[PDB]
Amino acid sequence: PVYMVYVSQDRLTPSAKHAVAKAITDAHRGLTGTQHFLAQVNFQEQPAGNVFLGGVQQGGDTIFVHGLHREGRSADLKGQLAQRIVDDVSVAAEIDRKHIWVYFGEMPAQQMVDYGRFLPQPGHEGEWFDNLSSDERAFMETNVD
Amino acid sequence: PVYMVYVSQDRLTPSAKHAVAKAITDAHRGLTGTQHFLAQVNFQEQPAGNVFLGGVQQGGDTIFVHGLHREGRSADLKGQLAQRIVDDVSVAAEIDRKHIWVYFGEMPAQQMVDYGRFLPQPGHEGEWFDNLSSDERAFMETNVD
Amino acid sequence: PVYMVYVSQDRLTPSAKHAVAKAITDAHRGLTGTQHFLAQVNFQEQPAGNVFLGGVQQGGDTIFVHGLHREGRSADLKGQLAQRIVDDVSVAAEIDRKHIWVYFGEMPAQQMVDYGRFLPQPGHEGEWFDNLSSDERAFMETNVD
(Lines give C-alpha, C1' and ligand atoms only; values in the text may rest on other atoms or scores of the structure.)
Protein backbone atom coordinates (compact mmCIF):
# COMPACT_ATOMS: atom_id res chain seq x y z
CA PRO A 1 0.00 0.00 0.00
CA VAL A 2 0.73 3.86 -0.10
CA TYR A 3 -0.92 5.76 2.74
CA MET A 4 -0.99 9.51 2.15
CA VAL A 5 -1.25 11.06 5.64
CA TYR A 6 -2.26 14.72 5.46
CA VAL A 7 -1.49 16.51 8.74
CA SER A 8 -0.77 19.97 10.07
CA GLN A 9 2.80 21.18 10.42
CA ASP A 10 4.38 19.91 13.65
CA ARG A 11 1.25 18.16 14.96
CA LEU A 12 3.34 14.98 14.77
CA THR A 13 6.90 15.11 16.05
CA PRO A 14 9.47 12.88 14.29
CA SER A 15 8.75 10.22 16.88
CA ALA A 16 4.96 10.60 16.70
CA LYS A 17 5.30 10.15 12.93
CA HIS A 18 7.18 6.90 13.55
CA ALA A 19 4.41 5.50 15.74
CA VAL A 20 1.67 6.62 13.36
CA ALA A 21 3.53 4.91 10.53
CA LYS A 22 4.04 1.93 12.84
CA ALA A 23 0.33 1.70 13.62
CA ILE A 24 -0.72 2.06 9.98
CA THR A 25 1.82 -0.56 8.88
CA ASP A 26 1.03 -3.07 11.62
CA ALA A 27 -2.71 -2.72 10.93
CA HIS A 28 -2.11 -3.44 7.24
CA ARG A 29 0.15 -6.50 7.71
CA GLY A 30 -2.06 -7.81 10.50
CA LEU A 31 -5.26 -7.65 8.47
CA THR A 32 -4.02 -8.31 4.89
CA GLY A 33 -0.92 -10.45 5.36
CA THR A 34 1.24 -8.16 3.24
CA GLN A 35 4.87 -7.77 4.26
CA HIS A 36 5.68 -4.80 6.50
CA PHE A 37 8.02 -3.36 3.84
CA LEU A 38 5.27 -2.99 1.24
CA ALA A 39 3.49 -0.41 3.43
CA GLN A 40 4.55 3.13 2.50
CA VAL A 41 3.43 5.92 4.85
CA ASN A 42 3.90 9.36 3.31
CA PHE A 43 3.35 12.37 5.54
CA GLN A 44 2.20 15.56 3.85
CA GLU A 45 2.48 18.42 6.34
CA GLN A 46 0.85 21.80 5.72
CA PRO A 47 0.57 25.00 7.79
CA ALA A 48 -2.38 25.16 10.16
CA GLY A 49 -5.29 26.95 8.51
CA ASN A 50 -5.19 25.10 5.19
CA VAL A 51 -7.95 22.68 6.31
CA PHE A 52 -11.54 23.90 6.08
CA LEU A 53 -14.48 21.93 7.48
CA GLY A 54 -17.81 23.08 6.12
CA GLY A 55 -16.16 26.37 5.12
CA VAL A 56 -14.65 26.99 8.60
CA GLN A 57 -10.89 27.39 8.92
CA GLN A 58 -9.48 24.68 11.19
CA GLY A 59 -6.59 24.44 13.64
CA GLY A 60 -3.89 21.78 13.57
CA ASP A 61 -5.77 18.68 14.78
CA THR A 62 -7.23 17.17 11.57
CA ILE A 63 -5.83 14.06 9.91
CA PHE A 64 -6.76 12.70 6.48
CA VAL A 65 -5.42 9.25 5.56
CA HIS A 66 -5.77 8.49 1.85
CA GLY A 67 -4.90 4.83 1.29
CA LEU A 68 -4.03 3.46 -2.13
CA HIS A 69 -4.58 -0.31 -2.36
CA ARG A 70 -4.78 -3.08 -4.88
CA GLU A 71 -8.21 -4.27 -5.88
CA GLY A 72 -9.30 -7.69 -4.71
CA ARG A 73 -10.21 -7.30 -1.04
CA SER A 74 -13.71 -7.49 0.41
CA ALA A 75 -15.83 -4.63 1.70
CA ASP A 76 -15.76 -6.33 5.12
CA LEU A 77 -11.96 -6.58 5.25
CA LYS A 78 -11.66 -3.02 3.97
CA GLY A 79 -14.04 -1.77 6.67
CA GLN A 80 -12.15 -3.56 9.44
CA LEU A 81 -8.90 -2.01 8.18
CA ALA A 82 -10.43 1.49 7.98
CA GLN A 83 -11.77 1.10 11.51
CA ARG A 84 -8.43 -0.22 12.85
CA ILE A 85 -6.57 2.69 11.25
CA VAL A 86 -8.94 5.19 12.84
CA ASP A 87 -8.44 3.33 16.15
CA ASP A 88 -4.66 2.92 16.13
CA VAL A 89 -3.75 6.31 14.64
CA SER A 90 -5.94 7.75 17.41
CA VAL A 91 -3.71 6.18 20.09
CA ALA A 92 -0.42 6.76 18.23
CA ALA A 93 -1.24 10.43 17.52
CA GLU A 94 -3.29 11.05 20.72
CA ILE A 95 -6.11 12.56 18.71
CA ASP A 96 -9.84 12.07 18.97
CA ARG A 97 -11.42 9.83 16.35
CA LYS A 98 -13.69 12.71 15.35
CA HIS A 99 -10.52 14.29 13.87
CA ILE A 100 -9.56 11.32 11.63
CA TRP A 101 -10.72 10.83 8.02
CA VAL A 102 -9.76 7.64 6.15
CA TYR A 103 -10.40 6.97 2.44
CA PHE A 104 -9.35 3.84 0.53
CA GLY A 105 -8.83 4.06 -3.21
CA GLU A 106 -8.23 0.86 -5.15
CA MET A 107 -6.37 0.14 -8.38
CA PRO A 108 -5.60 -3.01 -10.39
CA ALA A 109 -2.35 -4.59 -9.21
CA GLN A 110 -1.21 -4.57 -12.89
CA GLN A 111 -0.95 -0.76 -12.82
CA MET A 112 0.79 -0.51 -9.44
CA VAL A 113 4.56 -0.43 -8.93
CA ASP A 114 6.37 -0.76 -5.57
CA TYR A 115 10.16 -0.64 -5.39
CA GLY A 116 10.23 -0.50 -9.21
CA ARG A 117 8.32 -3.80 -9.52
CA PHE A 118 4.73 -4.66 -10.42
CA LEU A 119 2.62 -5.97 -7.56
CA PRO A 120 0.96 -9.41 -7.49
CA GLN A 121 -2.67 -10.00 -6.62
CA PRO A 122 -3.67 -9.74 -2.93
CA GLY A 123 -2.59 -12.83 -1.04
CA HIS A 124 0.09 -13.80 -3.57
CA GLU A 125 2.77 -11.67 -1.92
CA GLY A 126 4.54 -14.83 -0.76
CA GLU A 127 5.48 -16.31 -4.14
CA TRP A 128 5.96 -12.80 -5.56
CA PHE A 129 8.67 -11.88 -3.05
CA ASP A 130 10.48 -15.19 -3.59
CA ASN A 131 10.52 -14.40 -7.32
CA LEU A 132 12.25 -11.06 -6.79
CA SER A 133 15.97 -10.80 -7.44
CA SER A 134 18.35 -11.33 -4.54
CA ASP A 135 19.35 -7.74 -3.90
CA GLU A 136 15.78 -6.65 -4.57
CA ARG A 137 14.56 -8.79 -1.65
CA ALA A 138 17.53 -7.59 0.39
CA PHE A 139 16.70 -3.92 -0.12
CA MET A 140 13.05 -4.49 0.79
CA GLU A 141 14.08 -6.48 3.89
CA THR A 142 16.10 -3.52 5.24
CA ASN A 143 12.76 -1.72 5.72
CA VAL A 144 11.24 -3.63 8.63
CA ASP A 145 11.07 -2.43 12.25
CA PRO B 1 -16.29 14.78 0.44
CA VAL B 2 -12.59 15.62 0.61
CA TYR B 3 -11.35 18.24 -1.86
CA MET B 4 -7.57 18.29 -2.21
CA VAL B 5 -6.78 21.78 -3.54
CA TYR B 6 -3.22 22.10 -4.92
CA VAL B 7 -1.95 25.65 -5.24
CA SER B 8 1.31 27.54 -5.22
CA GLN B 9 2.41 29.13 -1.97
CA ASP B 10 1.25 32.72 -1.34
CA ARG B 11 -1.11 32.59 -4.33
CA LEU B 12 -4.17 32.54 -2.06
CA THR B 13 -4.48 34.97 0.87
CA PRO B 14 -6.15 33.67 4.06
CA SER B 15 -9.47 35.19 2.93
CA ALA B 16 -8.97 34.07 -0.68
CA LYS B 17 -8.56 30.57 0.79
CA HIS B 18 -11.72 31.20 2.78
CA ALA B 19 -13.53 32.17 -0.42
CA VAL B 20 -12.36 29.15 -2.45
CA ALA B 21 -13.20 26.65 0.29
CA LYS B 22 -16.58 28.35 0.66
CA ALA B 23 -17.18 28.27 -3.10
CA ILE B 24 -16.31 24.54 -3.22
CA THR B 25 -18.40 23.70 -0.14
CA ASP B 26 -21.44 25.62 -1.40
CA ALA B 27 -21.29 23.90 -4.78
CA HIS B 28 -21.14 20.39 -3.29
CA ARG B 29 -23.99 21.04 -0.80
CA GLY B 30 -26.19 22.92 -3.28
CA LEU B 31 -25.91 20.06 -5.78
CA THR B 32 -25.76 16.92 -3.61
CA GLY B 33 -27.78 17.93 -0.54
CA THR B 34 -24.81 16.88 1.62
CA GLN B 35 -24.52 18.84 4.87
CA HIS B 36 -22.06 21.74 4.98
CA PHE B 37 -19.88 20.20 7.70
CA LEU B 38 -19.18 17.11 5.56
CA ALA B 39 -17.21 19.13 2.97
CA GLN B 40 -13.50 19.18 3.77
CA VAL B 41 -11.27 21.47 1.67
CA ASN B 42 -7.59 20.67 2.15
CA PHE B 43 -5.19 23.26 0.72
CA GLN B 44 -1.90 21.64 -0.34
CA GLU B 45 0.53 24.51 -1.01
CA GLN B 46 3.82 24.09 -2.85
CA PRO B 47 6.47 26.63 -3.92
CA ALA B 48 5.70 27.99 -7.37
CA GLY B 49 7.80 26.36 -10.07
CA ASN B 50 6.74 22.87 -8.95
CA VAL B 51 3.93 22.65 -11.55
CA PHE B 52 4.77 21.63 -15.14
CA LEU B 53 2.31 21.80 -18.01
CA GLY B 54 3.74 20.02 -21.02
CA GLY B 55 7.23 20.17 -19.56
CA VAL B 56 7.04 23.96 -19.15
CA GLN B 57 7.54 25.19 -15.59
CA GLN B 58 4.67 27.40 -14.45
CA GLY B 59 4.27 30.37 -12.15
CA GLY B 60 1.82 30.45 -9.34
CA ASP B 61 -1.27 30.71 -11.51
CA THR B 62 -2.53 27.09 -11.62
CA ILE B 63 -5.06 25.42 -9.33
CA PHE B 64 -5.81 21.69 -9.24
CA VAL B 65 -8.82 20.41 -7.30
CA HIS B 66 -8.94 16.68 -6.61
CA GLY B 67 -12.37 15.71 -5.25
CA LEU B 68 -12.89 12.40 -3.43
CA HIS B 69 -16.58 11.31 -3.45
CA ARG B 70 -18.79 8.35 -2.68
CA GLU B 71 -19.98 6.33 -5.64
CA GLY B 72 -23.60 6.54 -6.69
CA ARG B 73 -24.16 9.90 -8.37
CA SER B 74 -24.86 10.27 -12.06
CA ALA B 75 -22.33 11.44 -14.64
CA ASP B 76 -24.75 14.26 -15.39
CA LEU B 77 -24.67 15.52 -11.78
CA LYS B 78 -20.90 15.10 -11.56
CA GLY B 79 -20.42 17.21 -14.67
CA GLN B 80 -22.59 19.97 -13.17
CA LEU B 81 -20.68 19.96 -9.88
CA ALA B 82 -17.26 20.03 -11.55
CA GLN B 83 -18.39 22.82 -13.88
CA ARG B 84 -19.73 24.71 -10.86
CA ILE B 85 -16.42 24.18 -9.00
CA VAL B 86 -14.50 25.53 -12.00
CA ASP B 87 -16.71 28.62 -12.33
CA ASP B 88 -17.12 29.51 -8.65
CA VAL B 89 -13.39 28.97 -8.04
CA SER B 90 -12.59 31.22 -10.99
CA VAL B 91 -14.51 34.01 -9.22
CA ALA B 92 -13.43 33.23 -5.66
CA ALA B 93 -9.72 32.98 -6.48
CA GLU B 94 -9.70 35.63 -9.25
CA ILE B 95 -8.11 33.28 -11.79
CA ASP B 96 -9.00 32.69 -15.43
CA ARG B 97 -10.86 29.46 -16.07
CA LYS B 98 -8.14 28.06 -18.34
CA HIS B 99 -5.87 27.52 -15.29
CA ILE B 100 -8.21 25.32 -13.17
CA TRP B 101 -8.18 21.53 -13.38
CA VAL B 102 -10.83 19.54 -11.50
CA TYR B 103 -10.83 15.74 -11.10
CA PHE B 104 -13.35 13.54 -9.27
CA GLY B 105 -12.62 10.07 -7.92
CA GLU B 106 -15.24 7.88 -6.29
CA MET B 107 -15.11 5.02 -3.77
CA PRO B 108 -17.70 2.81 -2.09
CA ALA B 109 -19.11 4.68 0.91
CA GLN B 110 -18.42 1.57 3.03
CA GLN B 111 -14.66 2.31 2.82
CA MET B 112 -14.92 6.05 3.54
CA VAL B 113 -14.57 7.45 7.06
CA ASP B 114 -15.43 11.07 7.81
CA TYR B 115 -15.09 12.27 11.41
CA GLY B 116 -14.23 8.76 12.52
CA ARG B 117 -17.54 7.46 11.08
CA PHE B 118 -18.34 5.44 7.98
CA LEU B 119 -20.47 7.30 5.49
CA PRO B 120 -23.98 6.53 4.23
CA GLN B 121 -24.88 6.10 0.60
CA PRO B 122 -25.52 9.40 -1.25
CA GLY B 123 -28.86 10.91 -0.28
CA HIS B 124 -29.22 9.19 3.14
CA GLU B 125 -27.16 11.78 5.02
CA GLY B 126 -29.90 13.38 7.12
CA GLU B 127 -30.66 9.99 8.66
CA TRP B 128 -27.07 8.80 9.14
CA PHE B 129 -26.30 12.06 10.94
CA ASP B 130 -29.38 11.86 13.18
CA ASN B 131 -28.23 8.43 14.38
CA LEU B 132 -24.65 9.48 15.20
CA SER B 133 -23.76 10.16 18.83
CA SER B 134 -24.79 13.60 19.97
CA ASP B 135 -21.28 14.48 21.11
CA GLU B 136 -20.37 14.13 17.45
CA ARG B 137 -23.40 15.70 15.82
CA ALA B 138 -22.46 18.61 18.07
CA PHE B 139 -18.80 18.55 16.98
CA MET B 140 -19.70 18.58 13.26
CA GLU B 141 -22.42 21.23 13.80
CA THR B 142 -19.72 23.75 14.75
CA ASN B 143 -18.19 23.25 11.27
CA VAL B 144 -21.00 25.16 9.51
CA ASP B 145 -20.15 28.54 7.99
CA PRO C 1 -3.46 13.52 -17.17
CA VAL C 2 -2.17 14.87 -13.83
CA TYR C 3 1.01 13.28 -12.45
CA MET C 4 1.43 13.88 -8.72
CA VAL C 5 5.14 13.46 -7.92
CA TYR C 6 6.05 13.25 -4.23
CA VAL C 7 9.71 13.91 -3.43
CA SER C 8 11.80 15.20 -0.54
CA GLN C 9 12.88 18.84 -0.41
CA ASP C 10 16.16 19.51 -2.24
CA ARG C 11 16.36 16.04 -3.81
CA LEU C 12 15.79 17.58 -7.26
CA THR C 13 17.61 20.67 -8.44
CA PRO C 14 15.56 22.81 -10.84
CA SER C 15 17.36 21.12 -13.77
CA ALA C 16 16.60 17.66 -12.34
CA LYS C 17 12.95 18.59 -11.75
CA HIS C 18 12.71 19.79 -15.32
CA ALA C 19 14.25 16.48 -16.44
CA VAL C 20 11.94 14.30 -14.30
CA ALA C 21 8.98 16.37 -15.49
CA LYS C 22 10.19 15.90 -19.08
CA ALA C 23 10.74 12.13 -18.75
CA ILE C 24 7.20 11.70 -17.42
CA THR C 25 5.65 13.98 -20.05
CA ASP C 26 7.27 12.27 -23.04
CA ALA C 27 6.55 8.79 -21.71
CA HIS C 28 2.87 9.70 -21.49
CA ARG C 29 2.77 11.60 -24.80
CA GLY C 30 4.86 8.83 -26.37
CA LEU C 31 2.65 5.84 -25.54
CA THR C 32 -0.77 7.57 -25.68
CA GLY C 33 -0.71 10.17 -28.45
CA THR C 34 -1.96 12.75 -25.95
CA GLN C 35 -0.55 16.18 -26.84
CA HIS C 36 2.51 17.42 -24.96
CA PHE C 37 0.49 20.28 -23.47
CA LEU C 38 -2.13 18.00 -21.90
CA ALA C 39 0.28 16.41 -19.38
CA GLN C 40 0.65 18.07 -15.97
CA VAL C 41 3.47 17.14 -13.60
CA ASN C 42 2.72 18.42 -10.09
CA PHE C 43 5.73 18.23 -7.72
CA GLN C 44 4.97 17.76 -3.99
CA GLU C 45 8.01 18.33 -1.79
CA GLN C 46 8.06 17.25 1.87
CA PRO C 47 10.96 17.35 4.34
CA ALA C 48 13.23 14.32 4.28
CA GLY C 49 12.12 11.97 7.00
CA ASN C 50 8.44 12.27 6.09
CA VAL C 51 8.46 8.90 4.22
CA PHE C 52 8.30 5.61 6.14
CA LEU C 53 8.66 2.12 4.63
CA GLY C 54 7.71 -0.72 6.95
CA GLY C 55 7.80 1.88 9.70
CA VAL C 56 11.46 2.75 8.96
CA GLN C 57 12.22 6.43 8.45
CA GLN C 58 13.65 7.08 4.99
CA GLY C 59 16.09 9.59 3.56
CA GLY C 60 15.46 11.83 0.60
CA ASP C 61 15.50 9.09 -2.03
CA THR C 62 11.95 7.68 -2.27
CA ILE C 63 9.84 8.95 -5.18
CA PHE C 64 6.08 8.31 -5.46
CA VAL C 65 4.42 9.06 -8.81
CA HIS C 66 0.60 9.11 -8.65
CA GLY C 67 -0.85 9.35 -12.16
CA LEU C 68 -4.47 10.40 -12.65
CA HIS C 69 -5.75 9.22 -16.06
CA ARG C 70 -9.07 8.77 -17.76
CA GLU C 71 -10.49 5.29 -18.21
CA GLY C 72 -10.37 3.36 -21.46
CA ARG C 73 -6.71 2.49 -21.85
CA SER C 74 -5.61 -1.12 -21.82
CA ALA C 75 -3.82 -2.82 -18.93
CA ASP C 76 -0.96 -3.53 -21.36
CA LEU C 77 -0.48 0.14 -22.28
CA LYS C 78 -0.68 1.21 -18.63
CA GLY C 79 2.00 -1.27 -17.58
CA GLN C 80 4.22 -0.20 -20.47
CA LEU C 81 3.66 3.39 -19.37
CA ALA C 82 4.44 2.77 -15.69
CA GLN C 83 7.53 0.71 -16.58
CA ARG C 84 8.76 3.55 -18.80
CA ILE C 85 8.09 6.15 -16.11
CA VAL C 86 10.15 3.95 -13.76
CA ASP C 87 12.99 3.68 -16.28
CA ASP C 88 13.14 7.31 -17.39
CA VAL C 89 12.64 8.79 -13.92
CA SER C 90 15.45 6.56 -12.68
CA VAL C 91 17.68 8.10 -15.36
CA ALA C 92 16.50 11.71 -15.18
CA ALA C 93 16.64 11.79 -11.37
CA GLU C 94 19.83 9.67 -11.07
CA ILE C 95 18.14 7.36 -8.56
CA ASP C 96 17.79 3.59 -8.81
CA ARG C 97 14.47 2.01 -9.74
CA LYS C 98 13.88 0.33 -6.41
CA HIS C 99 13.18 3.78 -4.85
CA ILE C 100 10.39 4.52 -7.38
CA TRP C 101 6.71 3.75 -6.77
CA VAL C 102 4.20 4.35 -9.56
CA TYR C 103 0.40 4.14 -9.28
CA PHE C 104 -2.24 4.99 -11.89
CA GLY C 105 -5.83 5.88 -11.00
CA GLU C 106 -8.51 6.16 -13.70
CA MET C 107 -11.73 8.19 -13.93
CA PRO C 108 -14.47 8.76 -16.50
CA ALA C 109 -13.36 11.55 -18.87
CA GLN C 110 -16.73 13.19 -18.12
CA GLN C 111 -15.69 14.03 -14.53
CA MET C 112 -12.24 15.37 -15.51
CA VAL C 113 -11.33 18.92 -16.49
CA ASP C 114 -8.06 20.10 -18.06
CA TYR C 115 -7.55 23.80 -18.78
CA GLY C 116 -11.11 24.51 -17.69
CA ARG C 117 -12.59 22.09 -20.27
CA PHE C 118 -13.94 18.56 -20.00
CA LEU C 119 -11.72 15.94 -21.63
CA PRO C 120 -13.01 13.50 -24.29
CA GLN C 121 -12.52 9.72 -24.44
CA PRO C 122 -8.90 8.67 -25.12
CA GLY C 123 -9.98 7.83 -28.70
CA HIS C 124 -10.97 11.44 -29.50
CA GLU C 125 -8.00 13.71 -28.61
CA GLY C 126 -7.20 15.27 -31.98
CA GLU C 127 -10.88 15.91 -32.65
CA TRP C 128 -11.09 17.47 -29.18
CA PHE C 129 -8.24 19.92 -29.87
CA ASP C 130 -9.70 20.79 -33.28
CA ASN C 131 -12.89 21.67 -31.37
CA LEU C 132 -11.43 24.22 -28.93
CA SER C 133 -11.47 27.92 -29.71
CA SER C 134 -8.46 29.91 -30.91
CA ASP C 135 -7.69 31.33 -27.46
CA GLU C 136 -7.71 27.85 -25.95
CA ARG C 137 -5.63 26.19 -28.70
CA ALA C 138 -3.08 29.03 -28.69
CA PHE C 139 -2.88 29.07 -24.89
CA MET C 140 -2.28 25.32 -24.71
CA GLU C 141 0.28 25.54 -27.53
CA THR C 142 2.28 27.77 -25.15
CA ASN C 143 2.89 24.69 -22.93
CA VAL C 144 5.26 22.73 -25.18
CA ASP C 145 8.96 22.49 -24.36
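Residues numbered from 1 in each chain as written, not as in the entry; some residues may be left out. Chains lettered and ligands numbered in written order. Heavy atoms only, no water.

- Per the deposition metadata, X-ray crystallography was the technique used to determine this entry, at a resolution of 2.51 Å.

**A closer look at the overall build of chain A**
- Each helix and strand counted, chain A has four helices and eight strands in total.
- The linear arrangement of helices and strands in chain A, starting from the amino end, is β-α-β-β-β-β-α-β-β-β-α-α.
- Its C-alpha atoms give chain A a radius of gyration of 16 Å, near enough to 15 Å, the size a compact globule of 145 residues would have.
- Its C-alpha atoms give chain A principal-axis dimensions of roughly 50 × 30 × 25 Å.
- Taking all 145 residues of chain A together, the buried fraction comes to 60%.
- Computed over 12 positive and 19 negative side-chain charges, the separation of the two mean positions in chain A equals 3 Å. (Helix = DSSP H or I, 4+ residues; strand = E, 2+ residues; numbered from the N terminus. Rg over C-alpha atoms; globule rule 2.2 N^0.38 Å. Buried < 20%, exposed > 50% of the residue type's maximum accessible area, 1.4 Å probe, protein only. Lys, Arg positive; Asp, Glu negative; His and termini not counted. Charge placed at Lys NZ, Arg CZ, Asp CG, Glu CD.)

**Description of the relation of the copies chain C and chain A**
- Of the two same-sequence chains, chain C is brought onto chain A (RMSD 0.4 Å, axial shift 0.1 Å) by a rotation of 119°. What we have between these two chains is a three-fold relation. (Least-squares fit on C-alpha atoms.)

**Notes on the pattern of salt bridges**
- Tallied over the full model, the rule gives 24 salt bridges over all chains.
- Across the pair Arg-11 of chain C and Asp-61 of chain C runs a salt bridge whose closest N-O atoms are separated by 2.7 Å. With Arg-11 of chain C in the loop between β1 (2-8) and α1 (14-32) and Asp-61 of chain C in the loop between β4 (56-57) and β5 (63-70), this residue pair connects regions lying 50 residues apart in the sequence.
- Residue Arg-11 of chain C is classed as partly exposed on the basis of its relative accessible area of 28%.
- Judged by relative accessible area, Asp-61 of chain C falls into the partly exposed class, the value being 25%.
- Several salt bridges converge on common partners, so that one network encompasses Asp-96, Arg-97 and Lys-98 of chain A. (Salt bridge = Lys/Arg side-chain N within 4 Å of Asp/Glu carboxyl O.)

**Quick notes on the interface of chain B and chain A**
- Taken residue by residue, the interface counts 37 residues in chain B and 31 residues in chain A.
- Buried area between chain B and chain A, summed over both chains or domains, comes out near 2,900 Å², and the portion from carbon and sulfur atoms is 56%.
- Summed over the shared surface of chain B and chain A, the result is 18 residue pairs in polar contact.
- Sorting the residues of the side of chain B that touches chain A by element identifies β1 (2-8), α1 (14-32), β2 (40-46), β7 (112-114) and α4 (134-141) of chain B as the ones contributing at least two each.
- With seven residues, β2 of chain B is the largest single contributor of residues to the side of chain B that touches chain A. (Contact = heavy atoms within 4.5 Å. Buried area = accessible area lost by both parts, 1.4 Å probe. Polar contact = N/O pair within 3.5 Å; in protein donor to acceptor, adjacent residues only side chain to side chain.)

**A closer look at the side chain of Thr-34 of chain B**
Residues and elements named next belong to chain B.
- The topology assignment puts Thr-34 in the loop between α1 and β2.
- Separated by 3.0 Å, the side chains of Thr-34 and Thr-32 make a polar contact.
- In this structure the side chain of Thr-34 is engaged in a polar contact, spanning 3.3 Å, whose partner is the side chain of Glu-125.
- Every residue in contact with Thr-34, bar those within four places of it in the chain, is listed here: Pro-1, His-28, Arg-29, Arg-70, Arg-73 and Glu-125.

**Thoughts on the relation of the copies chain B and chain A**
- Once chain B is rotated about the relating axis by 120° and shifted along it by 0.0 Å, it coincides with chain A to within an RMSD of 0.3 Å.
- Comparing interface residues between copies, only 8% of those in chain B also sit at the interface in chain A, which points to a heterologous contact through distinct surfaces.

**Details of the sheet that holds strand β3 (residues 51-53) of chain C**
- Spatially, β8(B)-β7(B)-β6(A)-β5(A)-β1(A)-β2(A)-β3(C)-β4(C) is the arrangement adopted by the eight strands of the open sheet, whose pairing is mixed. Looking at strand neighbours, the two that pair on one side only are β8 (117-118) of chain B together with β4 of chain C, the edges of this open sheet.
- As paired elements, β3 of chain C and β4 of chain C share two bridges and run antiparallel to each other. Note on β4 of chain C: the bridge partner recorded for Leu-53 of chain C is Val-56 of chain C.
- Strand contacts of helix α1 (residues 14-32) of chain A: β1 (2-8), β2 (40-46) and β5 (63-70) of chain A together with β3 of chain C, with the helix running at about 140° to β2 of chain A, the strand carrying the most contacts. (Pairing = 2+ DSSP bridges. Axes fitted to C-alpha atoms, helices over the stretch in contact; angles between N-to-C directions.)

**Let's talk about the pairing of strand β2 (residues 40-46) of chain C**
- Among the seven residues of β2 of chain C, seven are classified as buried, and the element is accordingly described as predominantly covered.
- Going residue by residue along β2 of chain C, you find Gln-40, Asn-42, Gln-44 and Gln-46 of chain C tucked away on one face and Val-41, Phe-43 and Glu-45 of chain C tucked away on the opposite face as well.
- Across three bridges, the pairing between strand β3 (residues 51-53) of chain B and β2 of chain C is antiparallel. In the sheet register, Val-51 of chain B faces β2 of chain C, and the bridge partner there is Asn-42 of chain C.

**Re the layout of surface pockets**
- Within this model, the largest pocket holds a volume of roughly 470 Å³.
- For the largest pocket, the lining is made up of 26 residues, of which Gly-105 and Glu-106 of chain A, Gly-105 and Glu-106 of chain B together with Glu-106 of chain C are closest to its centre.
- Within the residue set of the lining of the largest pocket, elements represented by two or more residues are β5 and β6 (100-107) of chain A, β5 (63-70) and β6 (100-107) of chain B together with β5 and β6 (100-107) of chain C.
- Among the residues forming the lining of the largest pocket, the class breakdown is eleven nonpolar, nine polar and six charged.
- What the second largest pocket holds in volume is close to 190 Å³.
- In terms of lining, the second largest pocket is formed by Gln-9, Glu-45, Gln-46 and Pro-47 of chain A, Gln-9, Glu-45, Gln-46 and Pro-47 of chain B together with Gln-9, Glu-45, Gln-46 and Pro-47 of chain C.
- Elements represented by at least two residues in the lining of the second largest pocket include exactly β2 of chain A, β2 of chain B together with β2 of chain C.
- For the lining of the second largest pocket, a count of residues per class yields three nonpolar, six polar and three charged. (1 Å grid on protein atoms, 1.4 Å probe; cavity = no way out; pocket = protein on both sides within 12 Å on 5 of 7 lines; lining within 4 Å. Points joined across faces, edges and corners; volume = space filled by probe spheres on them. Nonpolar A, V, L, I, M, F, W, Y, C, P; charged D, E, K, R; others polar.)

**Comments concerning the packing of α1 of chain A against helix α2 (residues 75-93) of chain A**
Residue and element names in this part refer to chain A.
- Where α1 contacts α2, the two axes come as close as 9 Å, and the packing angle between them is 155°. With respect to each other, α1 and α2 are oriented roughly antiparallel. Crossing hand, α1 versus α2: right-handed. Residue-level inspection shows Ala-19, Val-20, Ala-23, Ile-24, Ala-27, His-28, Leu-31 and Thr-32 of α1 in contact with α2, the latter providing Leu-77, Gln-80, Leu-81, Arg-84, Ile-85, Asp-88, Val-89, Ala-92 and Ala-93.
- Broken down by class, the residue content of the contact of α1 with α2 amounts to twelve nonpolar, three polar and two charged. (Parallel < 35°, antiparallel > 145°, perpendicular 65-115°, else oblique. Left-handed = near helix turned anticlockwise from the far one by under 90°.)

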